[PDB]
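First to last, the sequence lines map onto chains A and A'. A prime marks a further copy of an entry chain.
Using the entry's author numbering, the letters of the first sequence map in sequence onto residues 5 to 297.
Using the entry's author numbering, the letters of the second sequence map in sequence onto residues 5 to 297.
C-beta atoms are modelled at their ideal positions from N, C-alpha and C, and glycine is treated no differently.
Here is the structure we will look at.
Number of protein chains: 2
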Amino acid sequence: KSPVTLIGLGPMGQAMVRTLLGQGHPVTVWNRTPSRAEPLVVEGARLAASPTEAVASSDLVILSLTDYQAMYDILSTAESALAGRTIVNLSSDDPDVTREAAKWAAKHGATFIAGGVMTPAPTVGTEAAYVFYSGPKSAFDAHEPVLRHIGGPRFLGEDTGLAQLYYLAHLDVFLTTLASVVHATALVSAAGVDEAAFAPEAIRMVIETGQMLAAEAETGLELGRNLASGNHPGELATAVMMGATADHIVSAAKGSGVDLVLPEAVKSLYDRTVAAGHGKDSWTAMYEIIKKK
Amino acid sequence: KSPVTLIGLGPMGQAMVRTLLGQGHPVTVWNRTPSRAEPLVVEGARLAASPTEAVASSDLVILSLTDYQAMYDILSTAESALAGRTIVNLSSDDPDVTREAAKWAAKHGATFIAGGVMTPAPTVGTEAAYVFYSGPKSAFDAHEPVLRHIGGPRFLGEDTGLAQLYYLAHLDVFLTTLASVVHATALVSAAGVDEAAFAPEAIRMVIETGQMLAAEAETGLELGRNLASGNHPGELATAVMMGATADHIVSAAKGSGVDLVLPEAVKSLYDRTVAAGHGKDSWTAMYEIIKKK
Ligand SMILES: [Cl-]
Ligand SMILES: [Cl-]
Ligand SMILES: [N+]
Ligand SMILES: [N+]
Ligand code: NA
Ligand code: NA
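This is the structure in structure tokens:
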């Protein structure tokens with residue numbers, strides 16, 4: 005029932021406005037290009053005349069924009085209207101950038117919560133969606149009914165930067181895993197193999213890797229246990245054994261003219277893990293090379 | 005029923021000997037350290053006195069060793085015994101190294117097949133196992149009954165180097181995906197978060213990435229189609245959008261003191277994909293940067 009303002013009418017913003025309207029919230033919108041609001045107005049949203057009018061329409065302002073610079077640019081003329089309101093910014097950006105935004109919000113009398121939407125826009129309003137939130141817990145609690153309708157809110161803690169830290173760490177896995185599927189297909193296709201023949205196998209290897217990591221079995225790898233305890237017991241997957249394979253991938257890529265930066269990064273991790281004395285330890289010992297000193 | 009020689013009694017070799025013995029094959033073994041043969045002899049294997057005697061015991065010689073250099077070293081004294089036999093080498097190595105081994109085998113009158121065991125040793129002899137093979141198809145066919153008992157043989161073609169090319173491309177996905185899970189956990193734990201809290205989420209992200217790639221849906225990404233056709237239609241996952249996220253991961257890692265080589269490799273792929281004019285294309289357009297010219 006409580007009114008909401010949403011600025012940024014890309015695919016995520018449109019799905020959130022449709023969902024919130026369907027749950028009976030009055031929704032005021034604003035966008036750099038007003039034509040994108042027209043379908044939302046037909047569904048019952050109100051188009052604000054300016055960012056100031058948009059901000060003044062609700063106690064809760066949700067931002068879905070390309071980055072935090074877009075928030076500063078759009079809200080520049082509305083800064084004096086921010087006092088007493090809560091900004092929930094769902095845009096992706098560097099964690100320290102989001103922490104600086106919390107200082108700017110406070111300067112203008114606004115409460116600030118950062119969010120990170122973990123699932124695609126089609127999941128908004130369903131059981132599949134989930135969104136990280138961080139910032140003052142009392143603010144999260146005050147607006148939880150709205151955030152619940154968007155889908156699967158997960159409060160992480162009262163450091164504003166946590167939502168984008170967790171978001172970018174998830175995207176760290178996503179982007180790197182996806183790059184490796186393309187790189188592996190290139191390695192094989194350089195020999196003349198049809199890309200369509202091998203890409204499904206590279207995809208199955210991702211699935212198999214995830215199954216192995218999640219293994220149900222007591223004898224299987226316990227990755228979080230190794231990293232949390234600092235003990236990396238070498239079983240049948242040691243750093244020196246897997247590093248040898250990393251070396252063979254680099255030589256295979258070098259021999260076939262396939263780009264080297266990705267496999268050389270993996271080889272660098274294994275090279276330094278072995279050089280630090282962890283050769284007989286688990287490959288998970290690369291954590292001791294990667295982690296903050 | 006046909007006799008087999010197996011050299012290299014690490015975990016994979018031991019599982020293969022146990023399986024082949026259980027199917028009624030006479031199995032002759034040899035190992036650099038004879039003590040590792042003792043359990044296999046109790047199960048019914050015969051321990052050969054030398055590599056020459058091992059090779060002379062069977063028409064089929066299976067090698068399970070750390071690399072191809074170990075094959076040359078072990079079989080040096082047995083080279084004159086190789087004539088008329090088939091070597092199946094299941095050891096991992098660079099594809100061109102395996103092609104050079106096919107020349108050496110031919111020089112000594114032996115047929116040569118390369119294999120790549122894709123599943124862990126506990127899967128040997130079961131429906132879960134599968135092993136790539138490459139080399140002369142007539143040789144594969146002549147020994148297929150033995151290879152069938154080892155588990156899921158997959159003939160790839162008559163280029164000896166294919167088995168290890170496919171193996172290393174699978175391990176390309178495996179090692180890179182695993183490194184990203186550790187890197188992502190380090191990114192979050194640098195903020196003080198318990199590694200045991202976040203590692204399960206990084207693992208779930210691998211599973212989710214594999215599900216997305218294998219998507220059942222008609223609207224979902226068709227990775228193999230993009231790479232095979234050379235058409236990378238930009239939907240909601242463009243190279244410029246995902247490259248911006250790659251940039252944020254690099255700045256987050258730089259700010260928290262977490263190692264940069266892996267996220268900088270991903271950023272390098274996206275940077276060059278955008279700089280080549282593919283910014284509005286799918287992220288899969290990085291294939292045009294990675295692939296052999
Ligand atoms: Cl492991
Ligand atoms: Cl995609
Ligand atoms: N900033
Ligand atoms: N070689
Ligand atoms: Na924007
Ligand atoms: Na060996």
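A direct Cα-to-Cα measurement between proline 204/A and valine 135/A' gives close to 17 Å. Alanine 82/A and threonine 56/A have their C-alpha atoms some 4 Å from each other. In chain order, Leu24, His29, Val31, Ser62, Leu64, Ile66, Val150 place their CB closer than 7 Å to the CB of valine 8/A, counting only its own chain and leaving out the 5 sequence neighbours on each side. In chain A', no part has a C-beta under 7 Å from the C-beta of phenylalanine 116/A; the shortest such distance is about 18 Å.
Contact between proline 140/A' and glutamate 148/A' is absent: CB atoms are separated by about 13 Å, not below the 8 Å threshold. For secondary structure counted as the beta strand (DSSP E) over 3 or more consecutive residues, the segment 77 to 161 of chain A' holds these complete runs in sequence order: 90 to 93, 115 to 121, 135 to 138, 157 to 161. Comparing C-alpha distances from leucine 175/A' to each of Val46/A', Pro124/A', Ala74/A' shows the shortest one belongs to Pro124/A'. In the three-state reduction of the DSSP assignment, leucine 273/A' falls in the helix class. Look at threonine 180/A: its beta carbon is at least 8 Å from all of the heavy atoms in ligand 2. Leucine 191/A' has no beta-bridge partner at all, per DSSP. The DSSP-derived three-state label of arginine 208/A' is helix.
Residue environment analysis places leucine 240/A among the exposed positions, since fewer than 16 neighbouring C-beta atoms fall within 10 angstroms of its C-beta.
Pairing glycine 238/A' with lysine 284/A', the inter-Cα distance amounts to about 6 Å.
One alpha carbon belongs to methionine 246/A, the other to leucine 179/A', and they sit about 8 Å apart. When CB distances to chain A are screened at a threshold of 9 Å, the residues of the segment 52 to 78 of chain A' falling below it are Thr70, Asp71, in chain order. Against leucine 151/A', chain A offers no close residue; the least beta-carbon distance is about 19 Å (beta-carbon pairs closer than 7 Å).
The segment 211 to 248 of chain A' contains, as complete alpha helix (DSSP H) runs of 4+ residues, the segments 227 to 233 (chain order).
Straight-line spacing of the CA atoms in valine 21/A' and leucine 44/A' works out to 7 Å. Here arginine 50/A carries a strand assignment [DSSP, helix/strand/coil]. Setting aside the 5 residues that flank it on each side, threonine 90/A is surrounded in the same chain by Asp63, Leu64, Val65, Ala114, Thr115, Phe116, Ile117, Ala143, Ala146, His147, each with a C-beta closer than 8 Å to its C-beta; the list follows chain order. Chain A places no beta carbon closer than 9 Å to that of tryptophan 108/A', leaving this residue out of the contacts.
For the pair of segments examined, the segment 184 to 202 of chain A' was found to touch the segment 162 to 173 of chain A: the number of CB pairs separated by less than 8 Å reaches three. In this structure, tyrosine 72/A has its beta carbon less than 8 Å from a heavy atom of ligand 3. Taking a contact as a CB-CB distance under 8 Å, the pair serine 96/A' and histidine 252/A counts as one, their CB atoms being some 6 Å apart. Put simply, the segment 199 to 213 of chain A does not touch the segment 265 to 280 of chain A. Fewer than three CB pairs are less than 8 Å apart. Boundaries of the alpha helix (DSSP H) harbouring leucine 25/A: 15 to 26, taken from the DSSP string. In the structure shown, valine 197/A' adopts coil according to DSSP, grouped into three states. Within 8 Å of the C-beta of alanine 106/A' there is not a single heavy atom belonging to ligand 4.
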